[PDB]
Amino acid sequence: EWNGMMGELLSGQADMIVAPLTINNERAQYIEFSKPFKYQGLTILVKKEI
Amino acid sequence: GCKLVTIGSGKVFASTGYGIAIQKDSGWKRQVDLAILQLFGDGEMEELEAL
Amino acid sequence: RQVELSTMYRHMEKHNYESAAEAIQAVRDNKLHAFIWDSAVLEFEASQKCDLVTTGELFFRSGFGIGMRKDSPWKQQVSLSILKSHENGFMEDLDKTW
Amino acid sequence: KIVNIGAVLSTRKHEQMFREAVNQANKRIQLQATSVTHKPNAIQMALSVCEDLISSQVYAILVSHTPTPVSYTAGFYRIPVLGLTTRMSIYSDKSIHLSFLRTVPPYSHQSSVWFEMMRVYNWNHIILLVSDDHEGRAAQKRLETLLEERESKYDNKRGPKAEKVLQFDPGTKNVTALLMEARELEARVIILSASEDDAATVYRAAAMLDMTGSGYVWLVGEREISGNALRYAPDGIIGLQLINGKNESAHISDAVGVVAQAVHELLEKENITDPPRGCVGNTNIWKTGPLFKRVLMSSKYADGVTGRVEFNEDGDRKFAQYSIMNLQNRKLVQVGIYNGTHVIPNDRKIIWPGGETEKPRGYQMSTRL
Amino acid sequence: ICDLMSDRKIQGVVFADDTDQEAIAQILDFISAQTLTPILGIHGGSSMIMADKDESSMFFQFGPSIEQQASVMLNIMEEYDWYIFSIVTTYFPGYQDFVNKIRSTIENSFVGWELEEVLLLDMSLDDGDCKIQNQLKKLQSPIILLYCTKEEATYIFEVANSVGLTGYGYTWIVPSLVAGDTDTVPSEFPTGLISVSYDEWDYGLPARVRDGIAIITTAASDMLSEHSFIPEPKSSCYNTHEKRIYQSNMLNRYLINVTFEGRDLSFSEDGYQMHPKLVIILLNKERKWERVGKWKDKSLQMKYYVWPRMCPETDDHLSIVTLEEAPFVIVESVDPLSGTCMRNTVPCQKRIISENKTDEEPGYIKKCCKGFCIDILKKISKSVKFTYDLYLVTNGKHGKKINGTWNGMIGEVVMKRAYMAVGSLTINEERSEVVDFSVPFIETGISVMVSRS
Amino acid sequence: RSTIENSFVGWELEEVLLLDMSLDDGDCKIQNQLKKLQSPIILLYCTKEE
Amino acid sequence: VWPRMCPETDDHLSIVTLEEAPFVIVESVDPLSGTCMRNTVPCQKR
Ligand SMILES: *[C@@H]1O[C@H](CO)[C@@H](O[C@@H]2O[C@H](CO)[C@@H](O)[C@H](O)[C@H]2NC(C)=O)[C@H](O)[C@H]1NC(C)=O
Ligand SMILES: *[C@@H]1O[C@H](CO)[C@@H](O[C@@H]2O[C@H](CO)[C@@H](O)[C@H](O)[C@H]2NC(C)=O)[C@H](O)[C@H]1NC(C)=O
Ligand SMILES: *[C@@H]1O[C@H](CO)[C@@H](O)[C@H](O)[C@H]1NC(C)=O
Ligand SMILES: *[C@@H]1O[C@H](CO)[C@@H](O)[C@H](O)[C@H]1NC(C)=O
Ligand SMILES: *[C@@H]1O[C@H](CO)[C@@H](O)[C@H](O)[C@H]1NC(C)=O
């Protein structure tokens, strides 16, 4: 099963997901893709040095 | 924080090392020997300290 | 699914949060040491507030494209259009906007 | 219901004893036999094999004495045949010879018991002396085979291992070079497998090289003592006797026994044919021959004249027993025996080449390094 | 034979037949060391090898040398760069020195050889156990080697044929004596089966007769030159028993080297000729052989540049071309000591035309291919498991629209001159609508650079 | 499997194969795919007769 | 501990050590399972 924006999509509650969508292997085994409209990646965040 | 360190560059008294000793008077010695030998064979020890 | 983080994933169920904004608040209150997300968003975040800093490296090459289900012709049209933007400074303009 | 099987032996005496033995098996479907002589050359042997033998629609043959041509024939016909006397290595592998089995092990397998003899003496060191040939390569082969060891679980020391190896040409005039090499060797325990003239040469060589003294060891089997080699043979040298090997008749008999076992248990099976009669015009090997062979492999005879009989991966007599020998005052005496796991020392006190009852330890470590 | 010595006096013997049963030559060879008699089989199975002859035999045959037999097999592998293979034998002679030559050749070079497995069939037993069938079911290569008698090969081809090793993505290469005869085809032979033999057409049978005759000829001339005598042959196999110690045979040393008519027939001490004529044979679609190649002077010239292959019904191979571009592609000259590219590096072809005014278009010279995007093709390949090729690209760096057409790689796709392509692809709207795209695996874009002074 | 992958546990499953008790054996297919079993211990689900 | 015979092959061995930083991890098993997780290995407490 699924939940989330993916979910309402597969269930059909909407046509379009507009979002900073992570592009994985799995979802494409279900949902179609475009060219990327941005290039982001992983990172980490912490408090700046006093 | 980064504070302590050993004296000097790491000059060490009593040059020695860790290993695995076993039941004495076996044959399994040479076998495990060749083993961790192969462990530096793949150089997996790199991965090991890395972790 | 990976062998390496298996320790990590094992350790990371605990303190995870619902909305990354909450995390921003939390480390911003020093209730967190660090948080995991996709970079650009955070570059925007610390870029807004002096208190925080991007991580050292950059990894897991990734990107964003419009969510659409299964097979509907709309895919081609959309993406083609998005190139039809990246062809020009429209996107950079989008930086200028945000 | 007729059963035809051949033999070739030295004298008609073993023809008569041979057929009589076949009758002793009749009490154990009907048998029939055939036998002829040994040929001087190779060709006429096979000739009489077709004309005299194969024409009889023969299941098996018996051989003594390279006798190899017989097997060449049997092989082109793929027909299993078992003789007696050959200890030659040519029958080691199935390589040239598909279907063949033996009553006794080859010269090689002496070492098999040698190693365990060391275990009776707890020796960590050896001296391997062999010329190189088919035979020798066999010797070193199985030798090192046992010498691949220490898969366990004993051996209060580091364990037995091969000290050094030496090859030399057969029929060599003088090998003494490798002997002086053996002088600096770390041990006094020498091992030898060599032919007749070979053994003579190496013994005399030892005499000049005066390694015949105290603390030295010499490990050989029975092949050495026989022949003129005994004349030059060194004092008190360790030796062996393959049990009964010189005995033609009883071996022929027990062979016939194994044959019978194959008859009763095998022929109860189905899809059976008969080998061809005439050699001429027949190119087709007998479809069942290999199966008959495998039956010979699985064959286990509980009661023989010589007792139980066994076979190896190559179908060769296994867990066979030996007579263990030594020289005393130019006279050989039987010092012990072997079954499969151990040597049984007899009541006699084992005599070493040197002084009395001291069993020396050849591990002596030269302060020269 | 014996009566052949009794009737006339034969200092020598020539033997041949068309049959497939080599044991003929076996026991013949035996007789060689028996009678101290030179005998030359020139043809047929009588040429086939029996491993490890007698040290006292004088015998010879015309047939490839076991070591260099499988070595020719190796160069065969060197043609089309077939890396993934196995070898299968029985207890039949030669396997030991065989394998030794195999691996010994393998690990000693910069080449990228990879050997999966080797298994040993049993033809001695019959099959209730499918053990043959099973360990054949363990075979992962697209092509594998088999070493055995044609008779055995029948049963093998049958069983493995049931296992499904005979399809596309499957081929077999066997030594010469394996399939043996030109004209005798057991049907169960695999389609498009591969081997190599002494030339069927280019090598004449009577010519061979002359070959051996001349061999023994000049040889006897070599003893008569030096010694000026030859041992009187023993005319009776019976009487041969007393002549053992009498005859002193030095002949071998001269027998080995024979220089005549410009084509050296010289053998070697192990029972093989130095440079025998060798010809690659391949099975047609009609199950009738044709001479598909030749191995001469320790060298190869193939009849085709690229391998003929059918693929009736599964198109599981694809076409790819790109330009080497820094960094993403390596292209280098193959090593002279091998002739293919090394390590994990992959092959490619070069379409360079010679003259502007001519066509003459085989248009290929193999050259190295390796590097990053190459390895992208690698990973994806081993993932979805499908074949791939690459070759140099003629026209332009990437591609453009001149007037109504496209001058470049992508265009080289749109005309279906090639199925796929790689390299550095600006992914645009322009080139988009004519083609299709993936997720991009590299993030990049327009940028400029200068020097900080 | 549903139990398997859902936990922090380190479970590792090698293989699962399906025997045929319908046919009889000339093919050793049962025998073979059993010959594919690498575990020190494995589970079997079937009738005592089988 | 599991009863096991091993008549004739002693192919199992005995090992004990103290957890020592870094080189050993020792932790409480997860309550929702009861064994240790991931690649982590068991041990006993005397
Ligand atoms: C074997 O007997 C003597 C043993 O010494 C041999 O003499 C040695 O021969 C080798 C090889 O020819 C030489 O390298 C040594 O220098 C010789 N040493 C001495 C002390 O003579 C003799 O050569 C051999 N017998 C024959 C007939 O050659
Ligand atoms: C050959 O003799 C030895 C000497 O006893 C036998 O060794 C015994 O073997 C039995 C079983 O085979 C063991 O239970 C004994 O512990 C062994 N005792 C000794 C002293 O070795 C050996 O079994 C005999 N050969 C055969 C084939 O039975
Ligand atoms: C062969 O063995 C038998 C039985 O041990 C014995 O008679 C003798 O050693 C040999 N046979 C003859 C007839 O000498
Ligand atoms: C040959 O023998 C086999 C083994 O018993 C048996 O199937 C039958 O007798 C023959 N084979 C066939 C296929 O009939
Ligand atoms: C080749 O023939 C010549 C002719 O005399 C001879 O000298 C030479 O030894 C031969 N080659 C070999 C390897 O014997």
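Residue labels here follow a simple count from 1 along each chain's written sequence instead of the entry's numbering, which may differ, and residues missing coordinates are not shown. As a convention, the first chain written is A and the first ligand written is 1, with the rest following in written order. Any value reported refers to the chains on display, which are one part of a larger assembly. As a convention, hydrogens and water are excluded, and side-chain values are obtained from all of the structure's heavy atoms. Residues with missing side-chain atoms are left out of burial classes, side-chain pairs and their counts.

The deposited coordinates for this entry were obtained by cryo-EM, with a reported resolution of 4.60 Å.

Participant: Residue-level account of the overall build of chain D, with values.
Facilitator: Secondary structure counts use DSSP, requiring at least four H or I residues in a row for a helix and at least two E residues in a row for a strand, with both numbered from the N terminus. Scanning chain D from terminus to terminus reveals ten helices and ten strands. For chain D, whose C-alpha radius of gyration is 23 Å, the value lies close to the compact-globule estimate of 21 Å for 369 residues. Taken along its principal axes, the extent of the C-alpha atoms in chain D is 75 × 45 × 35 Å. In this description the radius of gyration comes from C-alpha coordinates, and the expected globular size is given by 2.2 Å times residues to the power 0.38.

Participant: Run through the overall build of chain B, naming residues and quoting values.
Facilitator: Across its full length, chain B holds two helices and zero strands. Relative to the 2.2 N^0.38 estimate, which gives 10 Å for 51 residues, the radius of gyration of chain B is 16 Å and therefore markedly larger than a compact globule would have. Projected onto its principal axes, the C-alpha positions of chain B cover 45 × 25 × 15 Å.

Participant: Explain the interface of chain C and chain A to me, using residue names and the numbers behind them.
Facilitator: The interface is formed by 34 residues belonging to chain C together with 28 residues belonging to chain A. For the side of chain C that touches chain A, the secondary structure elements donating two or more residues are β1 (35-38), α3 (39-48), β2 (52-53), β3 (59-64), β4 (67-69) and α4 (74-86) of chain C. Here the side of chain C that touches chain A takes six residues from β3(C), the largest share from any one element. When grouped by side-chain class, the residues that make up the side of chain C that touches chain A number 17 nonpolar, eleven polar and six charged. Of the pairings in the sheet, the one linking strand β3 (residues 38-47) of chain A to β3(C) comprises four bridges and is antiparallel in character. Within the sheet, the bridge partner assigned to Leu42(A) lies in β3(C) and is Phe59(C). We call two residues in contact whenever any of their non-hydrogen atoms come within 4.5 Å of each other. Residues are grouped as follows: nonpolar covers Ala, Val, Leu, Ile, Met, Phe, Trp, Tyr, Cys and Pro; charged covers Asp, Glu, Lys and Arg; every other residue, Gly included, is treated as polar. Any two strands with at least two DSSP bridges between them are considered paired.

Participant: Requested: an account of the state of the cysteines, with residues and values cited.
Facilitator: Simply put, the disulfide is a covalent bond whose two ends are the sulfur atoms of two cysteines. What pairs with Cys50(D) in a disulfide is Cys279(D), and their sulfur atoms sit 2.0 Å apart. Disulfide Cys50(D)-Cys279(D): the torsion about the S-S bond is -95°, which places it as left-handed. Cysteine sulfurs are considered disulfide-paired once they come within 2.5 Å of each other.

Participant: Explain the arrangement of the chains to me, and be specific about the residues and the numbers.
Facilitator: Ranking by contact count across nine pairs of chains in contact places chains A and C at the top. Note that chain A does not reach chain B: the shortest distance linking a C-alpha of one to a C-alpha of the other is 12 Å. With no contact formed, the shortest span from any C-alpha in chain D to any C-alpha in chain G equals 7 Å.

Participant: Hey, could you go over the packing of helix α4 (residues 110-121) of chain D against helix α5 (residues 134-147) of chain D for me, with residue numbers and the actual values?
Facilitator: All names here are of chain D. Close contact between α4 and α5 brings their axes to 9 Å; oriented N to C, the two are set at 35°. Judged by the twist between their axes, the crossing of α4 over α5 is right-handed. The segment α4 lies against α5, with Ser111, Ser112 and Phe115 engaging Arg142, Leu143, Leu146 and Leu147. Its residues assigned to classes, the contact of α4 with α5 shows four nonpolar, two polar and one charged. Every axis corresponds to a line fitted to the C-alpha atoms, with the helix fit spanning only the stretch in contact, and the corresponding angles, defined between N-to-C directions, vary from 0 to 180 degrees. Crossing handedness is read from the near helix: turned anticlockwise from the far helix by less than a right angle, it gives a left-handed crossing, and turned clockwise, a right-handed one.

Participant: Describe the pattern of salt bridges, naming the residues involved and giving the relevant values.
Facilitator: All names here are of chain D. Across the pair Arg102 and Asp316 runs a salt bridge, and its minimum N-O distance is 2.3 Å. By convention in these notes, a salt bridge is any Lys or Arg side-chain nitrogen within 4 Å of a carboxyl oxygen on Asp or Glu. For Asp210, the salt bridge identified is with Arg183, shortest N-O distance 3.7 Å. Residue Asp210 is found in the loop between α7 (196-208) and β6 (217-219), and its partner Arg183 is found in helix α6 (residues 176-184); the two are separated by 27 residues along the sequence.

Participant: Give me the lowdown on the sheet that holds strand β5 (residues 143-147) of chain E, citing residues and values where you can.
Facilitator: Residue and element names in this part refer to chain E. Strand order in the open sheet formed by seven strands is β4-β3-β5-β6-β7-β10-β11, and the pairing between neighbours is mixed. Of all the strands in the sheet, the pair left with one neighbour each is β4 (118-120) and β11 (289-291). On average, each strand axis in the sheet is inclined to that of its neighbour by 25°, with strand direction left out of account. As defined by bridge partners, strand β3 (residues 87-89) adjoins β4 across three bridges and the pair is classed as parallel. Each bridged residue has a counterpart across the sheet, and for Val88 the counterpart in β4 is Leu119.

Participant: Residues and numbers for the pairing of strand β6 (residues 171-174) of chain E, please.
Facilitator: Residues and elements named next belong to chain E. By the bridge criterion, three bridges tie β5 to β6 in an arrangement that is parallel. Bridged to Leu145 within β6 is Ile173. At this point the chain moves from β5, through helix α6 (residues 150-163), to the parallel β6, and the crossover so formed is right-handed. As paired strands, β6 and strand β7 (residues 194-197) are joined by two bridges and run parallel to one another. Each bridged residue has a counterpart across the sheet, and for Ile173 the counterpart in β7 is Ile194. Call a crossover right-handed when, viewed with both strands pointing away from you, the route from the first strand across the helix to the second goes clockwise.

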